[PDB]
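Note that the first sequence covers residues -2 to 154, 160 to 432 in the deposited numbering.
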Amino acid sequence: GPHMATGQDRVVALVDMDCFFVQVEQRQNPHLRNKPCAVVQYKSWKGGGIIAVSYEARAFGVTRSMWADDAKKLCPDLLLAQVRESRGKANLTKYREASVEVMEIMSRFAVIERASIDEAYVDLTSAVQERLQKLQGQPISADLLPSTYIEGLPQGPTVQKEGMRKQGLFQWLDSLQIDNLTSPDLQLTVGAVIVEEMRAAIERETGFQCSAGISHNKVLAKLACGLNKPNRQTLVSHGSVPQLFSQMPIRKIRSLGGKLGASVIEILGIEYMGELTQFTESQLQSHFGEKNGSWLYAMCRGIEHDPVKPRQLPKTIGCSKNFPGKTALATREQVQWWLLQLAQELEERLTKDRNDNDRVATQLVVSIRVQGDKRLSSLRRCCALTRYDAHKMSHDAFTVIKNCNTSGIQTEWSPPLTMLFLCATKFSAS
DNA sequence: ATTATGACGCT
DNA sequence: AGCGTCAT
Ligand SMILES: Nc1ncnc2c1ncn2[C@H]1C[C@H](O)[C@@H](COP(=O)(O)OP(=O)(O)OP(=O)(O)O)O1
Ligand SMILES: [Ca+2]
Ligand SMILES: [Mn+2]
């Protein structure tokens, strides 16, 4: 009852860019705007692999991971932009730099956690408290929430989508008690007002549109964000959770999309997040471990405590390349040349990072895959990173992997390598 | 031949 | 430390 925590203490948003790499290319090349288009890497094999798709192209069934030649079968007029190639490999610098543009704007509003190249969590609890004081018990106008959906509404007592959106928003607002400065629903609503302002700033200052979720924690914020994309934001209230979760496949919740989620489904014989409420905390801990069990018990009730971490910059800087099929590296000279290519890109990025962010990496991690292993990585070895020098780093990487080679012949490399990976880690201030 | 990343958990 | 999971 009165002592039962409801996980309504925070206001958390997740802001996620719409079809991000496509928007970056569309800003650069106006011919691509408002077109079915996709971003591809490489080209020789089956037209290249698609890694981002405009909403116009999605209407034709084009998806990520599709080969461009196959996408063209669904969408003959599909336009394509290619990822830059440098030193023999795809180079994602343009998108990393565009990401920084967006993250720096968001950081003006609140402390952010960089969650990926195109999304960040926002802890808006303090910003909401301040805006609530400014408002002075003044009601929130629908005009302040022009792209906001209220999940679960309208209900009860209608043909167009925008019409439905406004209907739901009006029901929500009509209900709100603006007298209570600690009402969680009011706090979320003010959060949504701030996120409208954040999203407007991002679009004004970069040209990029985005979607957002506003709720009381990171998992619900992220779930919310995807409900109404693109170019819209969704508020998921604590009260909306039972209905929302009653038909929500377990795999849709962040961290449950893989083996653990499949095990929850199999072991418990359920399908939807809401069905988890019928198990005790101890029951869930017995199957999934102490940490997961406690997390699931709270999460299926809409409660999670994972903090928005104050981290705007990536913790690692890495360079990787696959060598599939017949292109697998089978000579020592090959392995060395590609280690150097990777190290040269890594040095470039590290040197820029040091100048921009006043820090230095101290550990180099080297990872490879060998033909036949189905695992992402076959072997991971670390060594000291003492100088930002590509020739040194590539020589050091070779040293820590060279024993991998089962070939008797010095020159030959066996089994061939199907992946190389260099990663700079363990930053220290400088 | 679903590539190039990046964070975090386990032991 | 080195490996595995989950994610975009
Ligand atoms: N599996 C991947 N491999 C390589 N790049 C990826 C992969 N997934 C995502 N990316 C890149 C390209 C995306 O534009 C960008 C952001 O990913 P993501 O948010 O999942 O989709 P998206 O921004 O392209 O479309 P959406 O509007 O559905 O969010 O990160
Ligand atoms: Ca996105
Ligand atoms: Mn994303």
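Ideal Cβ placement from N, Cα and C applies to all residues, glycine included.
Which residue's Cα is closest to the Cα of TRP42: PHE106, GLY410, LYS328? Along the first sequence, one-based indexing puts residue 42 at 45. Closest by alpha carbon: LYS328.
What beta strand (DSSP E) runs, 3 residues minimum, are completely inside the stretch 290 to 372? 319 to 324, 331 to 333, 365 to 372
Sorted by chain position, which residues of the same chain lie with C-beta nearer than 6 angstroms to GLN211's C-beta, five sequence neighbours on each side aside? Counting from 1 along the first sequence, the entry for residue 211 is found at position 209. If we look at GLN211 and ignore the five residues flanking it on each side, its Cβ neighbours are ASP15, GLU205, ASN233.
Could you tell me the alpha carbon to alpha carbon distance between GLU283 and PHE290, rounded to whole angstroms? Here the question's residue 283 lines up with position 281 in the first sequence. Here the question's residue 290 lines up with position 288 in the first sequence. Near 10 angstroms, if we compare the C-alpha coordinates of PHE290 and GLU283.
Give the straight-line distance between the Cα atoms of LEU141 and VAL119, rounded to the nearest whole angstrom. The residue given as residue 141 occupies position 144 in the first sequence. The residue given as residue 119 occupies position 122 in the first sequence. Whole-angstrom Cα-Cα distance: 19 angstroms.
Straight-line Cα distance separating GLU292 from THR408: Position 406 of the first sequence, counted from the start, is the residue given in the question as residue 408. Position 290 of the first sequence, counted from the start, is the residue given in the question as residue 292. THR408 and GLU292: Cα-Cα distance of roughly 42 angstroms.
Taking 7 angstroms as the limit, name every residue whose beta carbon sits nearer than that to some heavy atom of ligand 2, in sequence order. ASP13, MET14, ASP15, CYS16, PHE17, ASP115, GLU116
With 16 as the cutoff for other CB atoms within 10 Å, does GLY260 come out buried or exposed? Reading the first sequence from its first residue, position 258 is the one you call residue 260. Classification of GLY260: exposed, given that the 10 Å Cβ count is below 16.
Residue of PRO136, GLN126, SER416, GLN189 minimising C-alpha distance to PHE172: The sequence position of residue 172 within the first sequence is 170, counting from 1. It is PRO136 whose Cα lies nearest to the Cα of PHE172.
Could you tell me how far apart the beta carbons of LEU424 and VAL362 are, in whole angstroms, since I believe they sit closer than 8 angstroms? As a working note, residue 424 is residue 422 in the first sequence. As a working note, residue 362 is residue 360 in the first sequence. The Cβ separation is near 16 angstroms, so there is no contact.
How about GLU116 and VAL310: do their beta carbons lie closer than 8 angstroms? Indexing the first sequence from 1 puts residue 116 at position 119. Indexing the first sequence from 1 puts residue 310 at position 308. Contact: no.
Hey, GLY170 and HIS240: beta-carbon distance below 8 angstroms or not? Position 168 of the first sequence, counted from the first residue, corresponds to residue 170. Position 238 of the first sequence, counted from the first residue, corresponds to residue 240. For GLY170 and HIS240, no; Cβs fall outside 8 angstroms.
Would a C-beta distance cut-off of 8 angstroms place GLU148 and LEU229 closer than the cut-off? Along the first sequence, one-based indexing puts residue 148 at 151. Along the first sequence, one-based indexing puts residue 229 at 227. Yes, Cβ-Cβ distance for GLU148 and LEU229 is below 8 angstroms.
Residue burial classification, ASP355 (beta-carbon count within 10 angstroms, cutoff 16): Your numbering for residue 355 matches position 353 in the first sequence. So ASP355 ends up on the buried side.
Among residues of its own chain, excluding the 5 on either side of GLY44, which ones have a beta-carbon nearer than 6 angstroms to its beta-carbon? One-based indexing of the first sequence puts residue 44 at position 47. The answer, listed in chain order, is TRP64, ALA65, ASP66.
Which residues mark the beginning and the end of the beta strand (DSSP E) in which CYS34 is found? The count along the first sequence starts at 1 and reaches residue 34 at position 37. Segment 34 to 38, the beta strand (DSSP E) holding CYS34.
My output table needs one value for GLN79: the three-state DSSP class, helix, strand or coil. Here residue 79 refers to the residue found at position 82 of the first sequence. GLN79 falls in the strand class under three-state DSSP.
In three-state DSSP terms, what is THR236? As a working note, residue 236 is residue 234 in the first sequence. Reduced to three states, the DSSP call for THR236 is strand.
Separation of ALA431 from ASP360, as counted between CA atoms: Indexing the first sequence from 1 puts residue 360 at position 358. Indexing the first sequence from 1 puts residue 431 at position 429. Going from the Cα of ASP360 to the Cα of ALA431 covers about 6 angstroms.
Whole angstroms are fine: how far does the CA of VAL238 sit from the CA of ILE216? On the first sequence, residue 216 is found 214 positions in, with the first residue counted as 1. On the first sequence, residue 238 is found 236 positions in, with the first residue counted as 1. When rounded, the distance between both Cα atoms is 6 angstroms.
In its own chain, which residues sit with a C-beta less than 6 angstroms from the C-beta of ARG382, not counting the 5 before and 5 after it? As a working mapping, residue 382 is identified with position 380 in the first sequence. Counting only Cβ-Cβ distances below 6 angstroms, and skipping sequence neighbours, we find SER369.
My understanding is that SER104 touches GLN280, with C-beta atoms under 8 angstroms, so please give their C-beta distance in whole angstroms. For the purposes of this step, residue 104 is identified with residue 107 of the first sequence, where counting begins at 1. For the purposes of this step, residue 280 is identified with residue 278 of the first sequence, where counting begins at 1. No, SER104 and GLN280 are not in contact; Cβ-Cβ is about 42 angstroms, not under 8 angstroms.
Is it a yes or a no for the stretch 268 to 278 touching the stretch 185 to 193, going by three-plus beta-carbon pairs under 8 angstroms? no
May I ask you to verify whether the stretch 317 to 326 touches the stretch 392 to 400, counting CB pairs closer than 8 angstroms and requiring at least 3? no
Would you identify the three-state DSSP class for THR160, choosing helix, strand or coil? Along the first sequence, one-based indexing puts residue 160 at 158. DSSP places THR160 in coil when its eight states are reduced to three.
How about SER62: is its Cβ closer than 7 angstroms to a heavy atom in ligand 3? As a first step, residue 62 must be located in the first sequence, where it is residue number 65. It does not: the Cβ of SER62 is nowhere closer than 7 angstroms to a heavy atom of ligand 3.
Could you check whether the Cβ of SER113 sits closer than 7 angstroms to any heavy atom belonging to ligand 3? Within the first sequence, residue 113 is the residue found at index 116, counting from 1. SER113 Cβ: within cutoff of ligand 3.
Would you kindly check if the distance between the Cβ of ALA426 and the Cβ of residue 159 is under 8 angstroms? Within the chain, residue numbering steps from 154 directly to 160, and residue 159 belongs to the interval with no atoms modelled.
DSSP three-state label for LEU262, please. In the first sequence, the residue the question calls residue 262 occupies position 260. If DSSP states are grouped into helix, strand and coil, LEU262 belongs with the helices.
Buried or exposed (CB count within 10 angstroms, at least 16 for buried), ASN219: Within the first sequence, the letter at position 217 stands for residue 219. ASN219 is buried by the Cβ-count criterion.
Helix, strand or coil for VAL21 per DSSP? On the first sequence, position 24 is the one that residue 21 refers to. It is helical.
Looking at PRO316 and ligand 1, is the gap between the Cβ and the nearest heavy atom below 7 angstroms? Numbered from 1 along the first sequence, position 314 holds the residue referred to as residue 316. No, Cβ of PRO316 sits at least 7 angstroms from all heavy atoms of ligand 1.
From what residue to what residue does the alpha helix (DSSP H) around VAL195 run? To locate residue 195, count along the first sequence from 1; it is residue 193. Unbroken alpha helix (DSSP H) run through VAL195: 186 to 208.
How is the alpha helix (DSSP H) around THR420 delimited, first residue to last? Residue mapping note: residue 420 aligns to position 418 of the first sequence, counting from 1. No alpha helix (DSSP H) contains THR420, which is instead part of the beta strand (DSSP E) from 414 to 427.
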